[PDB]
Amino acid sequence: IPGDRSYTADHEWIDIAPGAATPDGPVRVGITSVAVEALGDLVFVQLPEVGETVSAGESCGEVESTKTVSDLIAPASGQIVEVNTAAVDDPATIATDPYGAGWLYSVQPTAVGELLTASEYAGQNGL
């Protein structure tokens, strides 16, 4: 659980350093290693469209394994700027590298929901 980003109780991360101001630029969002182990082998991923406005705490897509369908819950309100199409196309990549090449989208934030540090999130997950 990289201490270089922030996390949600719903097992996502957003690349705002904990304590930091929300950047004057697009920040990537993804799922945690704990979500990967929860889900199993990923088979389908549905992302918001580039240019859509999402809201913190609202369901804005899904990740899906052979056994589980799980809603993506936006860590931040804002406009979607990029989607990681390599991730959608080869969802096995998300499981390989959830904090790196497996990022799911980037958002330009106007607001953030409840965010946890890596320590707080690790603690919620018995780590």
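Note that residue numbering begins at 1 and tracks the sequence as displayed.
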| task | Would you determine, from the values in the PDB entry, which of 85-93 and 58-66 has the greater average C-alpha temperature factor? | result | 85-93
| field | 35-43 set against 49-57, stretch whose average Cα temperature factor tops the other in the entry | value | 49-57
| said: Maximum C-alpha temperature factor per the entry, among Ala20, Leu104, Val112, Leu116, belongs to which one? | reply: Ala20
| request: Consider only the C-alpha atoms of the modelled residues in this chain, order them by B-factor as the entry records it, and name the third containing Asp10: lowest, middle or highest. | output: lowest
